[PDB]
Each structure stands twice: as C-alpha cells, then as structure tokens.
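Student: Experimental structure and sequence below.
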Amino acid sequence: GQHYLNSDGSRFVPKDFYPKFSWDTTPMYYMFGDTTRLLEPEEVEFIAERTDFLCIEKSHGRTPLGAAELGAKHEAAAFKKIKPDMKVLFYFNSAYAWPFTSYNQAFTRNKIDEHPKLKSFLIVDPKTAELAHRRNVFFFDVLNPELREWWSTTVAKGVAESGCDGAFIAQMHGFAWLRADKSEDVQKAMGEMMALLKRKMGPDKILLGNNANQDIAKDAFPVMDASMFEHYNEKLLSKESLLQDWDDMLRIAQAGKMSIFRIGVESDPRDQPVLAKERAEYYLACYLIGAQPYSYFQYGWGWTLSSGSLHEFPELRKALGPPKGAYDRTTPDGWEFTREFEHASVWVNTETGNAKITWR
C-alpha cells in the first residue's frame, strides 16, 4: 500500500501542486458562496476540518465587500490561516458574464454601452440585433480571439489577486446552439482559451473544468488538472449515466487528473437538509463504486453557503480505507454494484435507487 492505486491496479502519480488525498475517510471537496456575507470564523473551522480542497462561488461577499473576488480573497486567507496547504479555487464562468467581480462590472445594461471593446466580446441575438442574454446577463463569445485573450488574462488576474490556488471554470459549451454550424470550431476555441489560462496562471495552479468529461470539452480536457461531474439533472443520475461516470472516473485517473463527483439533491426524484441527510448513503455509495485516487465527493443541494456545506453528513466521516479492488457488477447485465474497502462494504442498486454501506 505504498502508492495510491487506480482501480485497474496502475499507480496514480499526483502532481506536486495537487491537494492532499487519503482514503482514511471519504475524500471531500466543498464549494459555496453567499452574496450577503462572509463566513463566520466558526464556519471556516467547520469546513476546514472536513476538506483540503474547496472553491468559492461566483458572488461570494459581493454585498459586504463590493466585489466577489474580494470574497474569494477573504476566504482563501481565512482558510489558509488554519490549514496553510488547503487548496482554494477562484470561480469564473466561461459563458455568462456575471457582473459580480470588479473584472466584469461593465457587463450590465447601464454600463456595457460605455465599454465598446468589452461589449464587442459578447454574442448578439440576430432576432433583435441586440446583445444576447439570459435575464440581462450577457454571453461571452469564445470564437472571438480577443475575448479568449481578455478572459484568460482576467481569470489569471482573479487567481493572483485572490491568492487562490487555481480556477474553477464553469461551462464548456460556448453557446454552440446559437451557432450550431460552428460547433466544432467552438470546441476547439474552448480548448484554446483553457490553454491560454493554464499558461497565464503560472506554475503550481489547478485548473478545474466543470463537466469536462463530456465530448464538447475534449479540446479543453488535456490542459485541465481536474474535472467535475456536476450531475445537474435527473438524466445525468440515471443508471446508465452513473455507469458512464465510473468509466470516466477511471479514464480521468489514468490521465493523472483529479475528478470531483458532485451531487445536488435538488436533482433527486423526491425539506432539503432532511432529504439530503437521508439520501447521503445512496449518493456516497454511487461515488465509492467509482472512486479513484485524487477524486473527491461533494454533497449538498446547491451552490450557496446554506446548501449543505455547513451540515454534518455522518457517513462522510466514517473510516473508509483503501479499496480492496475495483467494483463488481454483481450480475453481468444487472444494476447491482459492490465494492470492498478496508473498512466498508458498499452495495448500490442504481436502477432502484437503493444502497447500503456496511461500515466495519
């Protein structure tokens, strides 16, 4: 047991800048933000005890501090005072120009016309000859080389100003459905933009791409250090999608990269804390079937500070230990899966949505 082993028995060799990893208990990732407030010291202590790897969300602290990158800067420092080697990621969306950081402050109806260069980075709706938008939030255009340069420099600036250890990049799609005849070009452009960002952050920084297991992200995946399975709808939680998650987790590990297996109970078929606490065994089991070295579980019912990060899910603190082998599909075409760890036996039926982890 001298080196962490992927489920195929190959050795996983982490990069020197990766977060800590252990099988002692369930490996965790946390992700949260609150527009209205910073974390209290006691909340920082709570989360720090439970993870070595987290991300501050897109609006955090914007009201008290005036800009969301200042929320990130504040929490990164607060966490690192406790655990200096905690890894804290800065969030930035590749698609929606959320106007919550100072960097994106111009992307509002009342300011964007005064910033013609920034405005020129945005997608136009042909039906109106006006900016495309979703509820008054504008759309970056990844096909615009000037946008790729500006955005990648901006994210690197946010990482540097906030003292974070890398970036969480939301969205890989580049609004391809708005220019479907250029879908392949969009995929390649996303790769180019991610590659610019990876270089501009400099050494020892983590690049995590949300849903970068998907085909649309194939040109971006090589430069990523990590990828998240967001499970953003019921379809992505189907028995077939979970089997695909497990395949993808192995492929990501074989590439030397990290995965985050994230669950939001908001996509469960069924009061959110009660439901999430009841369903934790099932969703944890789904992660453990496929878990790999330098993979992490995230659990809750959303992305705000109140969406689960501050609740105790007791299963996540129980002794786990290294896997004894890859999972077994109990019957070759059935939907029962098992896996044995040093301190636990995992059983899940992903067709019926039931599980049992026997902790030993």
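Tutor: Arrived safely, thanks for sending. Numbering: from 1, shown residues only.

Student: Just list the residues touching the residue sitting nearest the centre point of the chain, thanks.
Tutor: With distances taken as C-alpha atoms, centre = their mean, residue 228 lies nearest the centre of the chain, 4.3 Å away. For residue 228, the contact set (C-beta atoms under 8 Å, 6 or more residues apart in numbering) comprises 168, 208, 209, 210, 211, 212, 259, 260, 262, 298. All C-beta spots, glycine's among them, are computed from the backbone N, C-alpha and C.

Student: Would you reformat the residues you listed as JSON lines and include neighbour count?
Tutor: Shown next, in JSON lines, are these (neighbours: other C-beta atoms under 10 Å):
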{"residue": "168", "neighbour count": "25"}
{"residue": "208", "neighbour count": "26"}
{"residue": "209", "neighbour count": "26"}
{"residue": "210", "neighbour count": "24"}
{"residue": "211", "neighbour count": "19"}
{"residue": "212", "neighbour count": "27"}
{"residue": "259", "neighbour count": "28"}
{"residue": "260", "neighbour count": "23"}
{"residue": "262", "neighbour count": "22"}
{"residue": "298", "neighbour count": "26"}
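
Student: re earlier: dihedrals phi and psi, the residue nearest to the centre of the chain?
Tutor: phi -110, psi 130 (degrees, to the nearest 10).

Student: Not counting sequence-adjacent ones, nearest residue to residue 242?
Tutor: Nearest residue to residue 242, sequence neighbours excluded (C-beta to C-beta, 6 or more residues apart in numbering): residue 350, at 5.0 Å.

Student: So that neighbour versus residue 225, what's the distance?
Tutor: Applying C-beta to C-beta, to the nearest Å, the value for residue 350 to residue 225 is 28 Å.

Student: Over to residue 327?
Tutor: 25 Å.

Student: Then residue 196?
Tutor: From residue 196 over to residue 225 the distance is 15 Å, taken as C-beta to C-beta.

Student: And residue 331, by the same measure?
Tutor: Look at residue 331 and residue 225: by C-beta to C-beta, they are 37 Å apart.

Student: For residue 267, what are phi and psi?
Tutor: Dihedral angles (degrees, to the nearest 10) for residue 267: phi -100, psi 10.

Student: Can you give me every residue that contacts it?
Tutor: When contacts are counted by C-beta under 8 Å, 6+ apart, residue 267 touches 231, 232, 233, 234, 236, 237.

Student: Which stretches in the stretch 201-350 of the chain count as helices?
Tutor: For the stretch 201-350 of the chain, the helices defined by DSSP state H, counting those that start in this stretch cover 239-254, 272-290.

Student: Name the residues of the first one that are buried.
Tutor: Put plainly, it is helix 239-254. For helix 239-254, the neighbour count (16 or more other C-beta atoms under 10 Å) marks 241, 242, 243, 245, 246, 248, 249, 250, 252, 253 as buried.

Student: Just put those residues in TSV and tack on distance to residue 123.
Tutor: What follows is the buried residues of helix 239-254, written out as TSV (distance: C-beta to C-beta, whole Å):
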residue	distance to residue 123
241	29
242	34
243	36
245	31
246	36
248	30
249	33
250	36
252	31
253	36
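
Student: Relative to residue 28, which of those residues is nearest.
Tutor: Ranked by distance to residue 28 (C-beta to C-beta), the buried residues of helix 239-254 are led by residue 249 at 15.8 Å.

Student: The nearest residue in space to the closest one that is not next to it in sequence - how many residues pack around it?
Tutor: Closest residue to residue 249 apart from its sequence neighbours, by C-beta to C-beta, 6+ apart: residue 290 at 4.4 Å. Applying other C-beta atoms under 10 Å, we find 25 residues neighbouring residue 290.

Student: For the nearest residue to residue 119 once chain neighbours are set aside, give me its contacts.
Tutor: Among residues not flanking residue 119 along the chain, residue 112 sits closest, at 5.1 Å (C-beta to C-beta, 6+ apart). Counting by C-beta under 8 Å, 6+ apart, residue 112 makes contact with 106, 118, 119, 122, 131, 138.

Student: Spatially, which two of those residues are the most separated?
Tutor: Using C-beta to C-beta, the two most remote members of these are 106 and 131, lying 12.3 Å apart.

Student: related to what we said a few turns ago, could I get the contacts of residue 228 as TSV with distance to residue 43?
Tutor: Compiled in TSV, those are given as follows (distance: C-beta to C-beta, whole Å):
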residue	distance to residue 43
168	20
208	23
209	28
210	24
211	28
212	30
259	26
260	21
262	20
298	17
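
Student: correct me, but residue 103 touches residue 159?
Tutor: No: applying C-beta atoms under 8 Å, one finds residue 103 not in contact with residue 159, separated by 11.4 Å.

Student: Between these two, tell me which one has more neighbours.
Tutor: Here residue 103 and residue 159 are compared on neighbour count by other C-beta under 10 Å; more neighbours surround residue 159, at 26 against 21.

Student: Make sure that one is indeed in a helix.
Tutor: Yes: Residue 159 forms part of a helix when assessed by DSSP: H, G, I helix; E, B strand; the rest coil.

Student: In this structure the residue nearest to residue 242 contacts residue 285, no?
Tutor: No: checked against C-beta under 8 Å, the pair residue 350 and residue 285 is beyond contact range at 9.1 Å.
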